[PDB]
Amino acid sequence: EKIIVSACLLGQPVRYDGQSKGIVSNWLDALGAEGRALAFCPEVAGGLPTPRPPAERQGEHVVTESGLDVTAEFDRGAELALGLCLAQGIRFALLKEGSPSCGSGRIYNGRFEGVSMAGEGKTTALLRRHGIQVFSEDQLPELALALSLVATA
Ligand code: SF4
Ligand SMILES: [S]
């Protein structure tokens, strides 16, 4: 089976600051070598540029510090992630922690003050609502196990 992965976790320079969040993982490298780790960046897919200003959720809305509302792009990117999972038969996602799109256990609190809180990004929320299990880069053993359990079926 294949998984969808935040493109930044695969070393792609698609982060809001033009950086990457490439993780060191023999398991993830091997999965990619087998063609089973499909890269996806909801913000770029949703039409946002790179670089782009930091954004935080404010409930259903997603805004930048200047007040620009980018919810349209965030929601488009989330739908496109779901569309790729449905088309490819994907039921597991490995998404970047803390992001207003990809966060799964934590997100910034919407006050633009460097304070995190329990929560999830727009893309994680939509995927979970449709039965797709989302794991962060802090849960690689858990994700690898979940994917391994269905291997011989
Ligand atoms: S939207 Fe998600 S995949 Fe794209 S750069 Fe941000 S954290 Fe990574
Ligand atoms: S990002």
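In what follows, residues are counted from 1 in the order of the sequence shown. Note that these values count all heavy atoms, side chains included, but never hydrogens, waters or copies made by symmetry. Every number for a ligand or one of its atoms is a count from 1 in the order of the listing.
Checked for salt-bridge contact, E1 and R91 meet the test: a charged N lies under 4.0 Å from a carboxylate O. Between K96 and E137 a salt bridge is recorded (basic side-chain N to carboxylate O distance below 4.0 Å).
In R76, the CZ atom is not crowded: 12 or fewer heavy atoms of neighbouring residues, nucleotides or ligands sit closer than 6.0 Å. For CD of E34, the number of neighbouring non-hydrogen atoms (other residues, nucleotides, ligands) closer than 6.0 Å is greater than 12.
To the nearest 0.5 Å, the span separating CG on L86 from NE2 on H130 amounts to 7.5 Å.
Residue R52 has at least one heavy-atom neighbour below 4.0 Å for each of these atoms of ligand 1: 5 (S), 6 (Fe). Residue-ligand proximity, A7 to ligand 1, at heavy-atom distances under 4.0 Å covers atoms 3 (S). The distance from ligand 1 to the heavy atoms of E43 drops below 4.0 Å at these ligand atoms: 1 (S). Those atoms of ligand 1 with a heavy atom of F40 less than 4.0 angstrom away are 3 (S). The contact set between ligand 1 and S6, taken as ligand atoms under 4.0 Å from a residue heavy atom, comprises 2 (Fe), 3 (S). Per-residue contacts place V14 under 4.0 angstrom from the following atoms of ligand 1 (heavy atoms of the residue considered): 5 (S).
In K96, the part holding a heavy atom less than 4.0 Å from any atom of ligand 1 is the side chain. Contacts between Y16 and ligand 1 below 4.0 angstrom, taking non-hydrogen atoms only, are absent altogether.
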### Query
Can you check side chain to side chain donor-acceptor pair (under 3.5 Å) on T64 and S66, steps first, answer last?
CA-CA 5 Å; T64 69; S66 74; 3.1 Å; yes
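Within the 2.8 Å limit, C102 places no N, O or S atom next to atom 4 (Fe) of ligand 1.
When only modelled atom types and interatomic distance are considered, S101 and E43 share a side-chain donor-acceptor pair under 3.5 Å.
In this structure, the side chain of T124 engages the main chain of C102 through a donor-acceptor pair within 3.5 Å.
What sits closest to atom 8 (Fe) of ligand 1 on the protein, heavy atoms only, is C8 SG, 2.3 Å. From the protein, the heavy atom lying nearest to atom 4 (Fe) of ligand 1 is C41 SG, 2.3 Å.
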